[PDB]
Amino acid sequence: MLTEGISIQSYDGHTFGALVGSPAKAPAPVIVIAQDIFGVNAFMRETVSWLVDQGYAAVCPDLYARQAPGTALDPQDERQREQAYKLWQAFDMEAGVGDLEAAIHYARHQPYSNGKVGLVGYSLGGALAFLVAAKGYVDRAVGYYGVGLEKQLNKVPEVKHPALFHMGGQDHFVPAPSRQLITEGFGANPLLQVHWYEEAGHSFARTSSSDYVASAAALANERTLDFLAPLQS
């Protein structure tokens, strides 16, 4: 689901919609949420809700609009999971970072904006959160269980604003040698923070996931809110 009428233009001209939640009280910092592989669906609506209840405005852009605008898939349906994997396999990561840059720029200047912008992403969006932190586009970035971060470690020195990553110790997208690489590489830059949740696997913060772990989702989420709070000005 997206908010009717909202349109954001990316550097190359492509336009895309977004699900927007204005804030209870304005002006407020705005958090751009980078979707998982299921598009802007029920979990994104819930994330927008969560952030608005904590005092932020939130913008979740339709990153699949270059392939299939308005895609919103149910992760409980087998056929739509297969569709999510097919879209993820074809996803242009650099164009997604470009679309997030445009959504971040939009987030800076809405009527309810206080000018500060954060980004929170999950899975596919957690890997995009790291690439966005390397570009420097946001004030703070947060990535939950981004996939393939051990292949992007040469960008660690480019991160110049804070970025927080929550990783599951039982997420098999990140086996032990990958964990160690990430832990050692991120460890060289104090602007990066990574926490490992030993009893949790991938998607552990989505309440509707079979891999949901309440204690870890809760510890992660509070660390995310404490990390984003300085943007409240």
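When you see a residue number, it is the position in the sequence shown, counting from 1.
Chemist: Regarding 128 to 136 and 107 to 115, which shows the higher C-alpha temperature factor on average in the entry?
Modeler: Stretch with the higher mean C-alpha B-factor: 107 to 115.
Chemist: Would you mind comparing 49 to 57 and 204 to 212 for me and telling me which has the higher average C-alpha temperature factor in the entry?
Modeler: 204 to 212 has the higher mean C-alpha B-factor.
Chemist: At the C-alpha atoms, which of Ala26, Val32, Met44, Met167 reaches the highest B-factor in this entry?
Modeler: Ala26 has the highest C-alpha B-factor of those listed.
Chemist: Would you mind checking where the Cα B-factor of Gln152 ranks among the modelled residues of its chain, as the lowest, middle or highest third?
Modeler: For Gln152, the deposited C-alpha B-factor lands in the highest third.
Chemist: Sort the modelled residues of this chain by their C-alpha B factor and say whether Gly21 lands in the lowest, middle or highest third.
Modeler: For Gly21, the deposited C-alpha B-factor lands in the middle third.
Chemist: So where's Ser123 on the chain's Cα temperature factor ranking, which third?
Modeler: Within its chain, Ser123 is a lowest-third residue by C-alpha B-factor, going by the deposited values.
Chemist: Where does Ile37 sit by CA temperature factor within its chain: lowest, middle or highest third?
Modeler: Lowest third.
Chemist: If you rank every modelled residue in this chain by C-alpha B factor, which third holds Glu82: lowest, middle or highest?
Modeler: Lowest third of the chain for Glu82's C-alpha B-factor.
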